[PDB]
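Shown next as structure tokens: one chain only, the form deposited in one PDB entry.
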């Protein structure tokens, strides 16, 4: 979990050109493929595919024919205050309808209404005119055998349909609504493009203050959107992908991808500032923030995968879109972006107590409970704003022609014997149905209840299956009534499925509450276990768990307060109503994933700040201080993009956009600035509790002068051993062993162990220090600098002796005055740099940054061994 990133940090620099070359190609390549996604999405996926109501629907459609009476209904109004019985007006509007049908029989079944045969004596067909005879409504059924294909047929037809009767015609019903709701997806996209993008740019340019560093996270976000669209278009080949998946790509793209790059470009900028070369800088960015971004991605994946337990194809498409977008953004941010930073380098900056935890926990259990007012429902026309025209057409359809809009509950019966269902068997099942109270009798007659479902040409008309249906008299009674009709023991040899839109809707709701317990368990445990792996603590996952658990109930609290009870509904032009039931599942996961993502970008920095070597109090203030500006900048970029989506006409889109605004504002202030810094010193030293090598001068000179466990001849021809330790200049090898035996204290016959070399090396060091402390030109600088920077100066004394490095009077002076950059530049102009660059560049870098990094990740190995000065004996 800590060396692969060092592995990848090195190689993304070596092959930086092909890396930026291939994945930009594929993302753009995915972009051209993915643009077609909108023509391969579905509106279906809100019900439970394994439910008995879905079985009841499936069987009922197959046998009786899909119900198409609610597809399109159109209200007609004669102009100039003529009345619909005007035979001239009648003649002109029907021949217009007849012409629309003949032009579009591949999409229109036909049109039916009182306007056909206006001399009829039918009570219901005469109920298609109003009493003042100034409005009449026709029903216009259409071709197709899934929702999607039928909607694409309505949109071909309605331009030519809206113009009948000189435009004085209002279109309502299933397909007009579905068209308006699915049409909000496209409008919310263009509002993101227009408002969020420039706003995001401004926030970036304020966080970085320079064009190049600001433009990079924007280009990453663009590439992730292009790549994720290509992936989801590919997923479309194999399984239906809901409409709602496309806005999810845009969100994560403009939001998380851009925020991922903000964290990385910011970390590259700091490492440049601390004196690291750019290829050093790229490696340590990947090893820290790249690891943080990667583990952020897997956390979010760990939070969205649990939604795959729910059956709705709607939640599955969304889950796939989160997964694809999020890690494409992680992968993009440590490939395309890192390679870019490796190419440019510094030119990214080229252009222009209990006193606060208590009165806050009080107000967040304050908000958790407005829940319990939470109610759930299906799609109605109320998902649109009240001034929306087609919603108004529906609401006046149901005012002028009441009683045609129905949601009958269905008892689909089938006998797998295969032979017909006799009249006594349905009279049987009918009798069992009148058992249950709560159903409608416009006839005051039980004998006229539970009529057969109507049947049309699309139906197979198999005799071994019959459907009877009857509307409900109060739909809030539906869940229990449905359970009651299923409790009926069927006749002998028949299976009875309970159908109807209230059965589909209710069965969907029952599946969520049935799998919601386990979903909550998987989610919080895997996120918990994950954070234990990211830090090594066992309380910092548990501190994050109950904070996240609390910002969840509070945000759900406000949302119910706003969308069930309506506080803000008049302001923001939405109707208060029960929530789309699978929206609760989606909202829970994404908000949980957001709360725990905040607790990694802040705490993983102070986990880093403390493992370096510090106590608590400061580690948290370092962590909070260095991340303070970045997390707000990241917070505002999310808040900007989400703020565009709160103005969506579709009320489930507003619900979700608001959930994130309330959630990311609550954590970017109340939690991050106040509550957990409080609890982070409150329980202050066991933050890092869990039940389950430092570099040094030995290891650095081992790299620069080698480590040899048996006598060898150096470049000059002299017998050497260990770390550059000269034994003798005698040609006799026996004289070298005689001296090696003397130095170690035993018969070596030319070989020592590692610890023996270490004991020999230390003696050489001690002699080098004694010399340094006895030179007027080296001792003052030597005293000036720290343990690491002293090792670099001892290295020089080893390679060239005291007189040698004492000749660097300027650079030693600059080092004494802590002017590291000036000394690094001056020393690199020496002759010692050009003769032994790999070691001089390595040593100078240690003066610049004051750490071992040039030695912990070094190039190749050395091939020319040379005994150092200050060989002790």
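Think of the rigid core as the biggest set of C-alphas that the two forms share within 1.5 Å after superposition. Positions refer to the first chain, counted from 1.
The form deposited in another entry exists for this protein as well; it is not shown, and the discussion that follows is about that form.
Student: Superposing on the rigid core, which residue among 610, 316, 654, 415 shifts its Cα by at least 2 Å between this form and the one not shown?
Tutor: Looking at each option in turn, only one qualifies, and it is 610.
Student: On a core-based superposition, does residue 619 travel 2 Å or more at its Cα between this form and the one not shown?
Tutor: Yes; residue 619 is a residue whose C-alpha shifts (by 2 Å or more) between this form and the one not shown when the cores are overlaid.
Student: Cα of residue 684 displaced 2 Å or more between this form and the one not shown, core superposed?
Tutor: After core superposition, the C-alpha of residue 684 moves 2 Å or more between this form and the one not shown.
Student: When you overlay the rigid core, is the Cα of residue 539 off by 2 Å or more between this form and the one not shown?
Tutor: Yes, because once the rigid core is superposed, the C-alpha of residue 539 moves 2 Å or more between this form and the one not shown.
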